[PDB]
Structure formats: structure tokens, C-alpha cells
Amino acid sequence: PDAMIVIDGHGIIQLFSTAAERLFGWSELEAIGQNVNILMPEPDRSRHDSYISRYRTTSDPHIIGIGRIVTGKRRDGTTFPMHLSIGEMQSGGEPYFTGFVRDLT
Amino acid sequence: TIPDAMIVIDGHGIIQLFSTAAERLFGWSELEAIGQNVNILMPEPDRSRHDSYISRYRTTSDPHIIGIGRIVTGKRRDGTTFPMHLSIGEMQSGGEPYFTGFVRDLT
Amino acid sequence: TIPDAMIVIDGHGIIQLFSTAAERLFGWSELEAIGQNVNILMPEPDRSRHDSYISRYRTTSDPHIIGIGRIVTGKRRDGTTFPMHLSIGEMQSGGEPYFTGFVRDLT
Amino acid sequence: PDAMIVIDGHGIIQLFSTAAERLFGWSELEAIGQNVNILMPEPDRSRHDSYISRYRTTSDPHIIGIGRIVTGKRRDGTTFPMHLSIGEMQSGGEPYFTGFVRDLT
Ligand code: HEM
Ligand code: HEM
Ligand code: HEM
Ligand code: HEM
Ligand SMILES: [Cl-]
Ligand SMILES: [Cl-]
Ligand code: NA
């Protein structure tokens, strides 16, 4: 599952793999530091922080360990179907989330 | 923060993804690392034992490093070793387990 | 097992030698390539960063690609891009650094 | 454009540049797979494997990074003064050497 993205518990991109660069069009340096919400169209884009926040409060997963086909958005605005799997992991008493993204095109 | 040296293995210890920073630290490119057992990145005897670490974790769900991390010793392609902090997370994709390893070089 | 596409640059990224298999792959004759910056064989953002990559190496002696290797994107004369594996070595001749890059087309 | 030859850790020619063809007379096809010692007169020709082996053993260079004027031998039997510079390269976990050959004639 080629394109990999790691975010912190606020949605901020920490790692952005070479497959993610080719899929999403953002260079790794550009993507790191940006909110992962840049990688999706509305309505998900404006809602994404809520999804993270809701998970952190509730611990109730919806995509983590479940996976879902969703719409992603390339740097150039174009949208594409993709499968999303997500994992969690802790470092320093903070969570980080790893996403694997499959371009269904 | 989280290290940028990241390694993804499947539930058989086979490297699936090997980040640029991991390439640099271990001295393998992803081209050569993908498909090899992650045990190539460590000295003996951990190397000979590592498949059992993974396999027994899968049957017991008793983690040792997962979620807490540990200072271990890594081995580069050229056989040189280094102290490293290892962080491991677990995930599921397509109903299969994968583990995400983050490595910080302590040289 | 070493690629037959081989490029040699000086310590300022300027192409010194361009093997026949580099010519095929990148679409430049050795005659046009020599004297140009190696950055012509790559897309942005690496292209406008490449001099800095070379100079950072000359400063730190800590390689990113030398002795490790990397999959990157190369760019042909015609503007089309391709996946490639890059290996790089360092040598010295007449007291100046030169870099020998070997390119494997991953298409 | 100077002549360029790549050999492996046992002195076997892996690449032989157009200028090396023009200079030494051997086509790249003919040169690849032969020992680099084909390109020199005696006694270097007989001793050359031992030069490579000592370098691999000791790491004490004599020409690598140093350069020397030596004599080179053409496919057609004739010899010629030449300057030699040698680099080391690792690819796929194994040593290669790159040689640059300046014809002094
Ligand atoms: C780029 C396309 C993405 C889309 C369209 C998307 C969409 C979604 C949606 C709809 C949810 C909420 C599920 C629900 O309430 O039904 C969600 C939750 C979440 N997403 Fe994203 N996401 C994307 C990328 C990512 C990536 C790449 C990561 C990690 C690096 C990530 C991390 C999370 C996390 C941690 C949650 C909360 C956990 C959960 O609800 O299971 N997302 N995402
Ligand atoms: C390269 C240097 C590494 C060394 C020296 C090393 C060593 C170890 C050791 C000694 C254990 C057993 C812990 C114990 O039983 O006390 C362990 C467990 C484990 N390691 Fe490795 N490891 C390394 C890299 C990695 C990486 C990069 C990953 C994932 C990509 C990984 C995945 C695992 C997993 C899944 C377990 C079982 C989970 C656990 O016990 O918490 N290892 N490792
Ligand atoms: C044509 C496609 C190429 C690309 C896309 C490329 C890109 C890069 C990148 C990404 C780095 C590391 C920068 C970093 O991670 O900070 C690098 C370093 C370097 N590259 Fe290039 N390169 C290419 C071709 C070559 C060639 C053919 C040579 C030699 C003839 C070369 C010589 C070097 C040197 C000397 C370094 C610094 C040494 C090091 O850090 O290991 N490049 N290059
Ligand atoms: C064609 C004419 C050549 C001659 C006469 C020649 C001669 C020599 C000599 C005399 C030495 C040993 C230094 C000493 O102990 O005095 C040497 C070492 C070596 N030569 Fe050659 N060589 C030739 C071509 C090449 C080429 C084209 C390569 C690489 C492609 C090469 C690779 C080496 C290597 C790797 C060593 C060991 C490194 C060292 O001692 O510095 N040689 N060669
Ligand atoms: Cl999944
Ligand atoms: Cl020299
Ligand atoms: Na950034």
C-alpha cells in the first residue's frame, strides 16, 4: 500500500513518502507542516480536524483499522478515488497516525 | 517529535516501505530493502531471533517495544553498528497487520 | 550489476562524461551534455536544489545518496519523466572531486 | 572527453566508454567481461590482480585519489603513455572502480 503519510494528533503532516508525493503532487517538504486536510476536497476538508478530535476524545474508530474508499485531492485540485487505511501509534505520550493511501485509478 | 527514519514491515517481518531517512541511516536503498526481512537491519543474535519476536507477538499480543520504545542496536549495510531508539506502532490494512517502525540514530 | 548508464560530474555539478546508455536514456548526446549542469536531467524541485545538494555534501562529507542509492525521477530532453535508481560514488582526480553517478531506469 | 573504464572488485571491465574504445581499440562489447589487465603491458599486466587485491585487503591507496603516469597497451599491440585516475564506487553492496585515462600522446 504505497503512499504513506504520518500526521500528529492535530492532523499536521510529519512524514510524506515518495509515493504520496507522486500521488498528491505536493513535495515532501511542502506537505510536512501542512494539515492533512489539504489532501481532500470539501466537505471532508473542513470537517477533518473534527474527525481527528472526535477520535481522540472517543477512541471510537471509523477508518482506523477499518479502511474506507474516499475521495482525495491532488495539489492541482483534481480528485480521485482512493483507499485509506490508518494506524495509530504513540510517541512521547502523543498519538501519531499513519495513513496508507491506494490510488484506485 | 517523531523520527523521519521510518520502516513498514508486514506481519512476516518483510520490509514494505523504507523511508529516505531510513535509507540514509541503514545504508540500504528501498529498492534493495523492500522485500527483505527487517532482520537485515540488526546484529546477531537479535537478527536470528527477530522473526520469532514478531510471530510470538502476533499470537500473544504481549508487546515489549510497541508503544513504549527502546534503545537497541542497528546494523548498516556495511556492517557498522549504532545505538538507536526504536518506536513501533501496529496497524491493519486490508485485514492484515503491518508494523511501523520509527528509528532515531543515537550516534 | 552496476548500471550501464553512467554520468560523471565535477564538484560543481557540471557534466564531464556521459556514457552511451545515459545518452539513450536521457536523450542528450555526450557532446551537448558535457559542460551543462547535471540538474538538466531532473525535474523540479530537485533541479533548482541540486547545486545545494552537492555543496552540502562537500561541506559535511555526510552523504545522502553516495554509498546508499536512491529511487528518484529523471527527466528526458523531451520533458518526459521516468523512475530511476541512482547510485553515486566520489573520486578525486588532479586534486579535484568528481562524482560518478550510475543510473538505472526503473520504467 | 577522456577515456573512462569501470571495473568490478576483481578487475573485470563493466563499462568501457566511447573514448576508451577510440583509445584502446577494443569495442565496448569486447572489453566488457575481460580483465582490465588486457589494457597494459607487462609487468603491470601480470601484477594487476594483485594490485586490486592488496587495495581491497589494505585500503592503502597507491593510485586511487592520487593519479599516476603509466603505460597503456592498445588492442593492436602498441603501447602509449597515459595518466590514470581511479575512483571507488559501491553499487549493490559490492565495490567498483572507475578509471579515467588520459592519453599523453
Ligand atoms: C486524503 C484523503 C482523506 C480523506 C478523504 C479522509 C476522510 C476521513 C473521514 C471521512 C474520516 C471520518 C470517518 C467518519 O466519521 O465516518 C476520517 C477520520 C480520520 N482520518 Fe482522515 N481522511 C483522509 C486522509 C487521512 C490520512 C492520510 C490520515 C493519516 C495520516 C488520516 C487520519 C485520520 C484520522 C486519525 C481520523 C480519525 C480516526 C477515525 O475516525 O477512524 N486521514 N478521515
Ligand atoms: C533494526 C533494529 C531493530 C532491533 C535491534 C530490534 C529488536 C527487537 C527486539 C529485541 C524485540 C523483542 C523485544 C523483547 O522481546 O524484549 C523486538 C520486537 C519487535 N520488533 Fe524489532 N527491532 C528492530 C527494528 C524493527 C523495526 C524497524 C520494526 C518494524 C518496522 C520492528 C518490529 C518489531 C515488532 C513488531 C516486534 C514485536 C512487538 C513488541 O515486542 O513490542 N523491529 N525488536
Ligand atoms: C538525474 C536525476 C538526479 C536526481 C533527481 C538527483 C537528486 C539528488 C538528491 C535528491 C540528492 C540528495 C538531496 C537530499 O536528500 O538532500 C542528491 C545528492 C547528490 N547528487 Fe544528484 N541527482 C540526480 C542525478 C545525479 C547524478 C547523475 C550525479 C552524478 C553524476 C549526482 C550527484 C549528486 C551528488 C554528488 C550528491 C551529493 C552527495 C550525497 O548527498 O550523497 N546526481 N541528488
Ligand atoms: C590501463 C593501464 C593501467 C595500468 C598500467 C595500471 C597500473 C596500476 C598500478 C601500477 C597499480 C599499483 C600501484 C602500485 O602499487 O604501484 C594499480 C593499482 C590499481 N589499479 Fe590499475 N592500471 C591501469 C588501469 C586501471 C584502470 C582503468 C582501473 C579502474 C577502472 C584500474 C584500477 C586499479 C585499482 C582499483 C588499483 C588498486 C588501487 C591502488 O593501489 O591505488 N587500473 N594499477
Ligand atoms: Cl484497512
Ligand atoms: Cl588523480
Ligand atoms: Na513544509
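We name chains A, B, ... by the order of the sequence lines, and we start the count at 1 in each one.
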Might you point out which heavy atoms bring [X] and [Y] nearest each other, and give the distance in Å?
X	Y	result
A:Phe100	A:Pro1	CD1-CG, 3.6 Å
C:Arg76	C:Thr107	NH2-OG1, 4.2 Å
B:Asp4	B:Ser19	O-OG, 2.9 Å
C:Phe99	C:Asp10	CD1-O, 3.9 Å
B:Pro43	B:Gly74	CD-C, 4.3 Å

Problem - Flag if over 12 foreign heavy atoms under 6.0 Å of CD, D:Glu94 - result: no
Handout entry: More than 12 heavy atoms from other groups under 6.0 Å of CD1 on A:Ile66
Key =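 Atom CD1 in A:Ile66 is packed in, count exceeds 12.
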Could you grab the distance from atom [atom1] of [X] to atom [atom2] of [Y], nearest 0.5 Å is fine?
X	Y	atom1	atom2	answer
A:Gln14	B:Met6	CD	CE	11.5 Å
A:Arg22	A:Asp103	CZ	CG	7.5 Å
D:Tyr51	D:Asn37	OH	CG	11.0 Å
B:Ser87	B:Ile66	OG	CD1	11.0 Å
D:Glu21	D:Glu28	CD	CD	6.0 Å
D:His62	D:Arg68	NE2	CZ	7.5 Å

Practice task
Sequence neighbours left out, what passes side chain to side chain contact (heavy atoms under 4.5 Å, CB included) with D:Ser59? Give chain and number order.
Solution key: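 D:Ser59 satisfies side chain to side chain contact (heavy atoms under 4.5 Å, CB included) with no residue once adjacent residues are dropped.
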Practice task
Using the side chain to side chain donor-acceptor pair (under 3.5 Å) rule, take C:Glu44 and C:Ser48 through it: C-alpha gap first, then chi angles, then the decisive distance, then the call.
Solution key: CA-CA 6 Å; C:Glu44 293 289 352; C:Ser48 49; 2.4 Å; yes
Problem - Modelled atom types, side-chain donor and acceptor of B:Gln92 and B:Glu90, under 3.5 Å - result: no
Is the closest side-chain heavy-atom distance between [X] and [Y] below 4.5 Å?
X	Y	value
B:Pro3	B:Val103	no
B:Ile9	B:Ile54	yes
C:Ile14	C:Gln36	no
B:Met91	A:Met89	no
D:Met82	D:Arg102	no
A:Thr18	C:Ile71	no
A:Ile5	A:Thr98	no
B:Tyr98	B:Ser93	yes

Exercise for the section: Determine yes or no for a side-chain-to-main-chain donor-acceptor pair under 3.5 angstrom, with B:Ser55 supplying the side chain and B:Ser52 the backbone. Expected result: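 Checking the backbone N and O of B:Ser52 against the side chain of B:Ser55, a donor-acceptor pair under 3.5 Å is found.
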Exercise for the section: Without swapping roles, check the side chain of A:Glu30 against the backbone of A:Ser27 for a donor-acceptor pair under 3.5 Å. Expected result: yes
Practice task
Quick one: which residue pairs count as a ring-ring contact (aromatic ring centres under 6.0 Å, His included) with a foot in residues 16-35 of chain A, not counting sequence neighbours?
Solution key: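 ring-ring contact (aromatic ring centres under 6.0 Å, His included) check on residues 16-35 of chain A returns A:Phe24-A:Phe80.
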Practice task
Using the side chain to side chain contact (heavy atoms under 4.5 Å, CB included) rule, take A:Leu15 and A:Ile13 through it: C-alpha gap first, then chi angles, then the decisive distance, then the call.
Solution key: CA-CA 6 Å; A:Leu15 273 98; A:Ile13 296 172; 5.9 Å; no
Practice task
Evaluate the side chain to side chain contact (heavy atoms under 4.5 Å, CB included) criterion for residues C:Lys75 and C:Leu41: first the C-alpha distance (whole Å), next the side-chain angles of each, then the deciding distance (0.1 Å), finally the verdict.
Solution key: CA-CA 5 Å; C:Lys75 182 177 177 162; C:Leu41 310 168; over 6 Å; no
Exercise for the section: Can you tell me which residue pairs pass the salt bridge (charged side-chain N to carboxylate O under 4.0 Å, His left out) test with a partner in residues 45-65 of chain C, sequence neighbours excluded? Expected result: none
